[PDB]
Structures are given as structure tokens and as C-alpha cells.
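Chemist: Experimental structure below, sequence on top.
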Amino acid sequence: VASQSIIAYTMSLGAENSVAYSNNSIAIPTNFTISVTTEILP
Amino acid sequence: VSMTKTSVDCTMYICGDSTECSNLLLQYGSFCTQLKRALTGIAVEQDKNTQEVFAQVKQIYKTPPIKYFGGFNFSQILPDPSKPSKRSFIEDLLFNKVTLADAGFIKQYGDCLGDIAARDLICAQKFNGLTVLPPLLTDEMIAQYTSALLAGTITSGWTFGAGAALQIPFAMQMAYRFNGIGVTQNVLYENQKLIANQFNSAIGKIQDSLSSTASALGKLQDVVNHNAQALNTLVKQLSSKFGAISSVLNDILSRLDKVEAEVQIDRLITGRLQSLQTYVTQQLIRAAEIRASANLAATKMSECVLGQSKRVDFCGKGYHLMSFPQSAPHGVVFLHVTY
Amino acid sequence: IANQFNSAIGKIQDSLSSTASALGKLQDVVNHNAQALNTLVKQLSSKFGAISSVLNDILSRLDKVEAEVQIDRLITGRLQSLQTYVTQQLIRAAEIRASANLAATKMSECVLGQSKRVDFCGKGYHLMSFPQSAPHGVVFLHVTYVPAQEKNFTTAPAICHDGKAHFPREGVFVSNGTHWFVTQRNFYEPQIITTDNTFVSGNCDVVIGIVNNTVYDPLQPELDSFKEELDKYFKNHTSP
Amino acid sequence: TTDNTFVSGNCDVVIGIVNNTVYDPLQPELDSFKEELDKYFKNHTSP
Ligand SMILES: *[C@@H]1O[C@H](CO)[C@@H](O[C@@H]2O[C@H](CO)[C@@H](O[C@H]3O[C@H](CO)[C@@H](O)[C@H](O)[C@@H]3O)[C@H](O)[C@H]2NC(C)=O)[C@H](O)[C@H]1NC(C)=O
Ligand SMILES: *[C@@H]1O[C@H](CO)[C@@H](O[C@@H]2O[C@H](CO)[C@@H](O[C@H]3O[C@H](CO)[C@@H](O)[C@H](O)[C@@H]3O)[C@H](O)[C@H]2NC(C)=O)[C@H](O)[C@H]1NC(C)=O
Ligand SMILES: *[C@@H]1O[C@H](CO)[C@@H](O[C@@H]2O[C@H](CO)[C@@H](O[C@H]3O[C@H](CO)[C@@H](O)[C@H](O)[C@@H]3O)[C@H](O)[C@H]2NC(C)=O)[C@H](O)[C@H]1NC(C)=O
Ligand SMILES: *[C@@H]1O[C@H](CO)[C@@H](O[C@@H]2O[C@H](CO)[C@@H](O[C@H]3O[C@H](CO)[C@@H](O)[C@H](O)[C@@H]3O)[C@H](O)[C@H]2NC(C)=O)[C@H](O)[C@H]1NC(C)=O
Ligand SMILES: *[C@@H]1O[C@H](CO)[C@@H](O[C@@H]2O[C@H](CO)[C@@H](O[C@H]3O[C@H](CO)[C@@H](O)[C@H](O)[C@@H]3O)[C@H](O)[C@H]2NC(C)=O)[C@H](O)[C@H]1NC(C)=O
Ligand SMILES: *[C@@H]1O[C@H](CO)[C@@H](O[C@@H]2O[C@H](CO)[C@@H](O[C@H]3O[C@H](CO)[C@@H](O)[C@H](O)[C@@H]3O)[C@H](O)[C@H]2NC(C)=O)[C@H](O)[C@H]1NC(C)=O
Ligand SMILES: *[C@@H]1O[C@H](CO[C@@H]2O[C@@H](C)[C@@H](O)[C@@H](O)[C@@H]2O)[C@@H](O[C@@H]2O[C@H](CO)[C@@H](O)[C@H](O)[C@H]2NC(C)=O)[C@H](O)[C@H]1NC(C)=O
Ligand SMILES: *[C@@H]1O[C@H](CO)[C@@H](O)[C@H](O)[C@H]1NC(C)=O
Ligand SMILES: *[C@@H]1O[C@H](CO)[C@@H](O)[C@H](O)[C@H]1NC(C)=O
Ligand SMILES: *[C@@H]1O[C@H](CO)[C@@H](O)[C@H](O)[C@H]1NC(C)=O
């Protein structure tokens, strides 16, 4: 048994991430993606 | 970036808790709900402005446990766990150099009962149907967004703006910058310990400058002051008479009867309602002037923090290397770094 | 790159077909111009203190001396209603002018050019954009290169060889764990470290974290094949 | 050097052009490759 109801919550700002930084490590993309995005202006 | 999210209740402002005036306000029609709709339009936009300046980052980035970045010393711009709100050291200067007249948080009447309501004008604004609403993003959340924009910048340069964050050693990121301003990267590595000392000294001068004068944050304090001046002017406008026998409805209703009392009340409604049409016009004009600043601040966030700028004098004075955002009450401070 | 672009622009059909809410920023302009005029025409029902809001009732029921004192209440409130509408329209018009100047700037810099501006012409490194018209607006299709499938590499700011320090001409040094290469910064495409992949300045003591590797000289093995051509001539020349 | 610079035209079209040497990084080692050739010829008189 389950049912829809109003909830309240503290909003999330985004997913958590820690960057793997080190003073001799670099990350380089081996591939790419081409992406199309709409921007709408009055 | 934003200004105080005010709201007004026109029945309480124009003539609260008198039915004898409420029944005359309706002769004018929707002039109240147009003003409530206009002020709600502004109040919803302040959270859009705060979202578009700070929420530029996909993910909440954390800096590594070992705080070594090629000798550059970010210790006063990064957050420290020890404070209740996880603001940086320089954000804690800025948060104190601007004094908020009313933050908009809860007021449990225990202040507004007794003597403080005679000594306080904010409680007297509340009693006249004028209120300040809180922002959606708290000063912890804005500081958290700022710590993610800053952690991304030092651990990954522009790459977290264009795609996923890609780590690169800070001295090589700064070398990629040097190439960007047309100074070949060997000039950085041959001077790295000098360049670090120069930056670490320049960051030290900002702490002292912000500890030494208040007048530099005038652009933020002036916004708080113009909001507070407007709600103070709007509550003083209750004391005017507009050609009526009194400025107080309780006197007009205690001293007259309906057939000529309604002739005094028409003057006070017409005056008070004009006193709102003016306030809402000043706020709409202020709201547009602030937006034109929040869109500039978002444009500097994208083009100075998430990138490196060729625009002359856009991202500080000099040839731009990089910039760090810091949150301030109703605003943003950019620490633009330049060669 | 064509199949990526062709399939990406295919999702724009669905992003527009499937949801109702995609053009909310333009619908809001129409909704505000409608709700402002619908408000302005309801204000004709307000009495402003007169005995009727219908101006012909005043003119049916009263003579000039007190008809004009009722009419003037309606002239005053109606005139204020227009003054409110025209002030609101001037305030909105000055916001739509800012959006038009931004849109003319995006047309100039994203469409007629290519922009280095970060996130100005959509997220990613900007390639190009296509304008499409809409009622009371413009929709830009921005096309961007977005990096993908990254790998960790070890790196160094310089390579040390003949006691001299070598720096990348363009790109960055990387190691897969056993060999050292130059690669361009934005796309992994490794090459042997050479005299042409690099430029030189100073001895290997000034730079911090400099690493030891050979640097290949594209002239030397070919000059050496010319030494062996000279050497076979010398050995054969012992016979005449 | 001939690495630092690129050529175009001739010295009569530019205004305020100045004379100088321009060095060639290939020559000194190609000339060491002449000293390598020349020593081998002088020695090869003996076999
Ligand atoms: C870079 O990313 C590309 C995807 O964004 C990727 O292209 C895709 O490659 C895979 C195979 O590796 C293809 O997948 C199909 O392959 C065959 C059928 O042709 C089937 O066995 C598989 O199950 C699957 O259906 C994709 O079709 C292909 N996509 C496109 C648009 O070409 C590249 O391979 C990546 N390049 C590098 C160097 O990693
Ligand atoms: C980055 O810059 C910081 C500011 O200069 C610096 O922190 C400062 O470091 C000194 C030396 O440790 C502290 O001096 C105090 O040291 C201890 C603290 O318990 C006391 O015994 C001393 O009497 C003296 O007061 C500064 O107080 C400290 N300042 C702050 C704001 O923390 C960092 O150390 C620098 N980072 C690196 C890696 O060098
Ligand atoms: C480029 O400009 C730099 C300053 O912006 C300059 O760095 C400064 O160099 C002087 C010495 O020339 C240092 O002065 C200190 O030197 C020793 C102690 O190490 C003492 O004898 C002196 O009394 C004095 O304390 C500065 O400390 C140094 N500043 C920094 C931030 O490192 C460079 O030397 C200039 N380089 C060139 C090639 O012009
Ligand atoms: C790091 O990248 C290196 C270059 O891709 C790679 O080295 C290459 O490894 C292959 C074997 O996997 C060698 O192949 C040679 O095998 C024999 C060796 O005697 C020869 O007969 C063949 O002709 C062929 O040349 C490559 O020669 C070798 N390249 C070099 C320049 O040495 C490494 O294996 C990579 N390391 C890691 C940890 O992935
Ligand atoms: C990177 O390669 C360098 C070149 O091979 C290498 O330098 C060599 O380092 C050793 C140890 O420091 C030096 O050895 C000398 O050290 C002192 C005199 O300075 C004496 O006690 C010793 O007997 C000996 O003479 C070498 O002289 C030096 N090579 C040269 C040409 O000077 C680096 O150590 C290498 N580094 C890494 C991390 O691989
Ligand atoms: C740059 O170097 C050039 C080459 O050395 C040099 O050009 C030479 O200029 C002189 C003077 O104009 C010429 O001398 C001749 O002038 C007339 C005939 O034209 C005669 O009266 C002279 O006796 C003599 O023959 C050279 O012919 C000319 N050489 C070449 C190859 O063009 C420039 O003058 C130098 N300029 C500077 C500013 O240093
Ligand atoms: C890049 O590597 C880090 C961890 O360092 C690596 O450790 C070895 C396994 C080897 O790959 C070395 O060459 C590297 O130095 C990765 O970060 C970890 O990611 C896992 C999830 O995949 C996570 O559980 C750990 O907590 C992470 N550790 C840290 C310190 O962040 C990182 O994901 C790698 N990046 C990519 C693009 O693959
Ligand atoms: C970076 O270099 C410093 C100074 O040599 C060193 O203390 C630190 O351990 C290095 N960082 C990492 C992640 O090891
Ligand atoms: C050796 O020199 C003779 C000419 O003296 C020539 O015919 C012959 O092809 C040469 N061979 C080689 C291997 O150089
Ligand atoms: C001359 O050639 C011989 C081999 O024929 C070699 O032993 C000798 O060292 C060479 N000397 C010089 C100076 O090249």
C-alpha cells in the first residue's frame, strides 16, 4: 500500500563530487560528444 | 545580485481591521491585486537572479584533503569546517561589512511584545502589513555553491565549465593561463616560487583592505539602505492627512457617522493607495536595475570564473589569468587575478 | 561527427514535440500582454465612488450640476488605470529591449561568428549556432563540442634531456606509466617527444617536478642514414 | 634563427627594414658532418 501526498524537504544543490586532484595527475578526454541545445529569447 | 523580497497586504496597509473602510476599497476594484501581483513578480525574480549567478555548476565539487596547489595559498578563500556556516575567511569579512536591516527570518512576537516595539521600526513596518520574505537559497547554500565553483576552478581550471571536471596540477593550469595571455609558459615555471609569493601577498592585501574600510562595499549596503528607506517612507505616509480631518481611521469612525465619515475615508484610501502605486513603481524600477546587475554578475561568473577572458578590463584590470567568486549579502565579490 | 550532430538535432524535434512547457519564456510575454489588457478592461467596472460605473446611468439619471461631480470620479479613476497600464508597459518594454539587445548580440557573436565566450553560446566549447524564429522571439540551436571518455595520465611541466629543459610547443606532456608523449590539451592523441613537439629554455634545476626522458631529433637518424651512405662509399672506395 | 622567423619578399618593399645575420641551426651540425667526412677522406689516403 502506498499513496501520493505533500512532502517538504531541504533542497539539494547538486550531486556531491570530489575531484581526484594530485600534483602530477592530469585527466584528458579520449573522445568527444557533439550536442545541440535550444536557447529561447523574447 | 538581488534586493529584499518585500510583500504588502493592501487592506492592512490602507486600513487594517476596519470593515467600514474595507467596503470602500472595493470601489477601486483590482488596484490592490495588481500591486500584490507586481511585488510577487519582483519577489519571485530575486531567487531567479540568485540561481542564475551562483547555480552555474552541475555538481558540488570538494577540494582534496591535501591543500597544496603548487605553492599558491587559497587558505583564506576556501571554506573552513570550524565555523557554523561553512563560509571562507574573506566571505566572513564581507558578511560583516554589510549590515542587514531585516534578514526576513521568523519573528516569534516575543520581540514585538514590550519595549523593543517602541525602539524598533522593523516591528512597526510588520504591524502595517509590510513584510520582508526570506530568499530561497540561504547564506549557507550560496556559500556552498561558491565553494563548488571555487573547488572546481583550482582543481580543474575551465574544464568543469565545458564538460566534466578534469584534474590538472595547479602550476600547469596557471601555465596554460600564461600561454592564454601570450606569455610563453616557460616564464611561469622559471618564476613559479615568485609568482606564488606575489599571489599570496596580493590575497593578504585584500583581507587587510576589507578589515580596514567599510566604504568599498557601498554597492551592496546602498541596496539594503534603499529598501529600508522605501519601507520607512511608506510607513511614514500613514501619518499624512491628504485633506481629511485626521490621519487615523479609529478617530474618523469614533467621531463621525457613515454619511460623512465615508467622505473622509475616501481621501485617506485615495492617498494611501497612491502611496502604494508610487512604492511599487520605485520597486519595479529598482528590480530592473538589479536584474541588469545580476545578468552582468552571471556573465562574469561564466566568462571570468569558468574560463579566461580576452575582454579588456572585463575580468579585473590587466591581462586576465583567473577569478574567484565570494558570496556577500545580496551580492557577489569577484577576486579577479591578473598579470 | 556527422552522426552525432544528426542524432543530436533529432532530439530537438522530441524536446519540442513531447513537452508543453518548452517555450514558457515566450508564452509569458503573450500571457502578460493579455492579462494586462484583460485587467484594464475589468477596471471599467470599478465605481471609484460614483453611484454607477456605467457612464450612461449617470447621464440618464442626473442633470449637469451633479452629473459632472459623479463623472469626474470615473474620469479620475479611469485615467489612473491608464496611467498604471502605460507605466507597467513602459517598464516591461524596457526589459524586452534588453532581451532584444542580448538576442542581437547572440546573433552577431554565435551565428555570424564563433565565440570564445564561456557558456555564452550554450554549454561546451562552441562550434556554431543556427537561428530559428518563434512568435515574439528567437530560438538559437547552439552546437558545442563537449569532451568525453577521459583517462587518468601522469604528467610533468617539462622534460629534461641534454641537461636542458624542454616544454610543449602546443599541448601537454603525459605518461601512460612507462612512456612519455606530447598530446594536444583537449583530445588524447599522443606523439613521441621531439625537437619539433617542444621548445627549450634553461637547465633542469629551475623547474619544479621536471622529469627525465629522451627527446627524439627528426634530423639525426636521417643524417645517420646519410653517414651510413658516406661510410659504404668509403669502404667500397678501398677497391679502385 | 631561421626557426624564430619566416621569409617573405625582398628588402626593397618594406619601410625601415634593417640588415643583420640570420642563423641556421642545420648548418653547424651539417658542417660538423663535413668535418666528419673530411677526417675520413684524409685518413682514407693511408689504406
Ligand atoms: C566515441 O563515442 C562514440 C559514441 O558517442 C562511439 O561510437 C559508437 O561506437 C559503438 C561501438 O564501439 C557503436 O555501438 C554499436 O556497435 C555495433 C553495431 O554497429 C554493435 O555491436 C553494438 O552493440 C552497438 O549497437 C555505436 O553505433 C557508435 N555510435 C556512433 C554515433 O557512431 C565511438 O566508438 C567512440 N570512439 C572512441 C575512439 O572511443
Ligand atoms: C596561507 O596563508 C595563511 C595566512 O598567512 C597562513 O596561516 C597563518 O600561518 C601562521 C603561521 O603558522 C599563523 O601564525 C600563528 O601560528 C600559531 C597558531 O596557533 C601561533 O602559535 C602563532 O603565535 C601565530 O599567531 C597565522 O595565525 C595563520 N593565519 C591564519 C589566518 O590562519 C597559512 O599557514 C598559509 N599556508 C601555508 C601552506 O603556508
Ligand atoms: C621582479 O620583481 C619582483 C618584485 O615584484 C622581484 O622580487 C623581489 O626581489 C627582491 C630582491 O631583488 C627581494 O628583496 C629581498 O631580497 C633579500 C631577501 O631574500 C634581501 O637582501 C632584501 O633586503 C629583500 O628582503 C624581494 O623579496 C622579492 N619579492 C618577491 C615577492 O619575491 C624580482 O626579483 C624581480 N626580478 C627581476 C629579474 O627583475
Ligand atoms: C605505453 O605506450 C607505449 C606506446 O604505445 C607502449 O609501448 C609499446 O608496446 C608494444 C607492445 O605492447 C611494443 O610492440 C613491439 O613489440 C616487439 C618488442 O620487441 C617488437 O617486435 C614489435 O615490432 C613492436 O615494436 C612497442 O614497440 C612499444 N612502443 C615503444 C615505443 O616502446 C606501452 O606498452 C604502454 N604502456 C602501458 C603501461 O600501457
Ligand atoms: C635526472 O637525470 C639527471 C641526469 O642523469 C640526474 O642527475 C644526476 O644526479 C646525480 C645525483 O645527484 C649526480 O651525481 C653526482 O652528485 C655529486 C656531485 O654533484 C657527487 O657526490 C656524485 O659522485 C656525482 O658526481 C649526477 O652528476 C647528475 N648528472 C649530471 C649529468 O650531472 C638526476 O638525478 C635524475 N633525476 C631523476 C629524479 O631521475
Ligand atoms: C643592407 O645591406 C645591403 C647589402 O650589403 C646594402 O645594399 C647595398 O647598398 C649599397 C649602397 O646603396 C650599394 O652600393 C652600390 O651603389 C651604387 C650602385 O647602385 C654605386 O655607386 C656603388 O659604387 C655600389 O656599386 C650595393 O650595391 C647594395 N648591395 C645590394 C646587394 O643591394 C644596404 O645598403 C644595407 N642597408 C643598410 C641600411 O644597412
Ligand atoms: C583517476 O584515478 C582516481 C584514483 O587514483 C588512481 O588509483 C589507481 C586505481 C590508478 O587508476 C592510478 O593511475 C590513479 O592514480 C580515481 O578516483 C577514485 O575513483 C573511484 C571510483 O572509480 C572512487 O571509489 C575513489 O574514492 C576515487 N579516489 C579518489 C582519490 O578520488 C578517478 O575516478 C580516476 N579518473 C578517471 C577519469 O577514471
Ligand atoms: C605535492 O607536493 C608537496 C610538496 O612536495 C607534497 O607535500 C605533497 O605530498 C604533494 N601532493 C600530493 C597529493 O602528494
Ligand atoms: C662500388 O663502387 C663502384 C664504382 O667504383 C660501383 O660500380 C658499385 O655499384 C659500388 N657498390 C657499392 C655497394 O657501393
Ligand atoms: C683511420 O682508419 C682506421 C681503420 O682503417 C682506424 O683504425 C683509425 O683509428 C682511423 N683514424 C682516424 C684519425 O680516423
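Modeler: Here it is on my side, so go on. Numbering: from 1, shown residues only, chains lettered A, B, ... in the order given. Ligands and ions are numbered 1, 2, ... in the order given.

Chemist: Now do the closest residue to ligand 7 within chain A: how many residues are near it, please.
Modeler: When distances are taken as CB to the nearest ligand atom, chain A reaches nearest to ligand 7 at residue A:20, 3.8 Å away. Quick note: C-beta positions are derived from backbone N, CA and C, even for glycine. Here the number of neighbours of residue A:20 (other CB atoms under 10 Å in any protein chain shown) works out to 14.

Chemist: what do you get for the one 3 residues further on?
Modeler: By other CB under 10 Å, the residues close to residue A:23 number 17.

Chemist: Would you agree it is in contact with residue B:70?
Modeler: Yes: in terms of CB atoms under 8 Å, residue A:23 counts as a neighbour of residue B:70; the distance is 6.9 Å.

Chemist: Find the residues that touch each one of the two.
Modeler: Both residue A:23 and residue B:70 are contacted by B:169-171, under the criterion CB atoms under 8 Å, 6 or more residues apart in numbering or on different chains.

Chemist: Between those residues, which sits nearest residue B:280?
Modeler: Using CB to CB, residue B:170 comes nearest to residue B:280 of these, at 50.0 Å.

Chemist: how close does the closest one get to chain D?
Modeler: Look at residue B:170 and chain D: by CB to the nearest CB, to the nearest Å, they are 31 Å apart.

Chemist: that older thread, three-state assignment of the residue lying closest to the residue of chain A closest to ligand 7 once chain neighbours are set aside?
Modeler: Sequence neighbours aside, residue B:167 is the residue nearest to residue A:20 in space, at 5.5 Å (criterion: CB to CB, 6 or more residues apart in numbering or on different chains). Secondary structure state of residue B:167, per DSSP: H, G, I helix; E, B strand; the rest coil, is coil.

Chemist: for the residue in chain A positioned nearest to ligand 3, what are its contacts?
Modeler: As assessed by CB to the nearest ligand atom, ligand 3 sits closest to residue A:23 within chain A, at 21.7 Å. Neighbour list for residue A:23: B:68, B:70, B:169-171, C:209 [criterion: CB under 8 Å, 6+ apart].

Chemist: just residue B:311 next, same as before
Modeler: Contacts of residue B:311 by CB under 8 Å, 6+ apart are B:303, B:320.

Chemist: For ligand 9, what's the nearest residue on the stretch 1-150 of chain B?
Modeler: For the stretch 1-150 of chain B, CB to the nearest ligand atom, closest residue to ligand 9: residue B:70, 58.1 Å.

Chemist: Kindly apply the preceding question to chain A instead.
Modeler: Using CB to the nearest ligand atom, residue A:30 is the residue of chain A that sits closest to ligand 9, at 48.2 Å.

Chemist: Confirm that residue sits in a strand?
Modeler: Yes: counting by three-state DSSP, residue A:30 is found in a strand.

Chemist: Pick out the residue in chain A sitting closest to ligand 1.
Modeler: Closest point on chain A to ligand 1, by CB to the nearest ligand atom, is residue A:31, at 3.8 Å.

Chemist: again with the stretch 51-200 of chain B
Modeler: residue B:163 (13.4 Å).

Chemist: quick one: that residue and ligand 10, what's the gap?
Modeler: 61 Å (CB to the nearest ligand atom, to the nearest Å).

Chemist: what about that residue, how many neighbours?
Modeler: Residue B:163: 23 neighbours (other CB under 10 Å).

Chemist: show me the contacts for it.
Modeler: Contacts of residue B:163 (CB under 8 Å, 6+ apart): A:29, C:124, C:146-148.

Chemist: Which members of those are classed as buried?
Modeler: A:29, C:124, C:146-147 (16 or more other CB atoms under 10 Å in any protein chain shown).

Chemist: Quickly check: the helix or strand containing residue B:143 near ligand 8 or not.
Modeler: Per DSSP states H and E, residue B:143 falls inside helix B:139-156. No: residues of helix B:139-156 are not located near ligand 8 by CB under 6 Å from any ligand atom, the shortest gap being 11.3 Å.

Chemist: In contact with residue 25, which residues?
Modeler: No chain in the question, so chain A it is. Counted by CB under 8 Å, 6+ apart, residue A:25 has contacts B:167, B:169, C:152-155.

Chemist: I was thinking of chain C, sorry if that wasn't clear
Modeler: A:40-42, C:137.

Chemist: right, and out of these, which lies closest to chain D?
Modeler: For the contacts of residue C:25, the residue nearest chain D by CB to the nearest CB is residue A:41; the value is 44.7 Å.

Chemist: what's around that closest one, how many residues?
Modeler: Count around residue A:41 with other CB under 10 Å applied: 19.

Chemist: could you measure it against residue B:168, distance?
Modeler: 35 Å (CB to CB, to the nearest Å).

Chemist: Please apply the same query to residue C:202.
Modeler: For residue C:202 relative to residue B:168 (CB to CB), the value is 23 Å.

Chemist: about what we covered before: now the residue nearest to residue A:20: how far from ligand 4?
Modeler: 20 Å.

Chemist: Any part of the longest helix seen in chain B near chain C?
Modeler: Secondary structure of chain B per DSSP state H: the longest helix is helix B:258-300. Yes: Helix B:258-300 comes into contact with chain C (CB under 8 Å from any CB of the partner chain), by way of B:266, B:277, B:281, B:284-285, B:288, B:291-292, B:295, B:299.

Chemist: Columns distance to ligand 7 and neighbour count on top of the residues you listed, output as JSON lines?
Modeler: Below are the residues of helix B:258-300 next to chain C laid out as JSON lines (distance: CB to the nearest ligand atom, whole Å; neighbours: other CB atoms under 10 Å in any protein chain shown):
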{"residue": "B:266", "distance to ligand 7": "72", "neighbour count": "19"}
{"residue": "B:277", "distance to ligand 7": "58", "neighbour count": "17"}
{"residue": "B:281", "distance to ligand 7": "54", "neighbour count": "16"}
{"residue": "B:284", "distance to ligand 7": "49", "neighbour count": "19"}
{"residue": "B:285", "distance to ligand 7": "50", "neighbour count": "13"}
{"residue": "B:288", "distance to ligand 7": "45", "neighbour count": "17"}
{"residue": "B:291", "distance to ligand 7": "39", "neighbour count": "21"}
{"residue": "B:292", "distance to ligand 7": "40", "neighbour count": "12"}
{"residue": "B:295", "distance to ligand 7": "35", "neighbour count": "16"}
{"residue": "B:299", "distance to ligand 7": "31", "neighbour count": "18"}
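
Chemist: Just put these in TSV and tack on distance to residue B:328.
Modeler: Below are those laid out as TSV (distance: CB to CB, whole Å):
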residue	distance to residue B:328
B:266	46
B:277	33
B:281	28
B:284	24
B:285	23
B:288	21
B:291	18
B:292	18
B:295	18
B:299	18
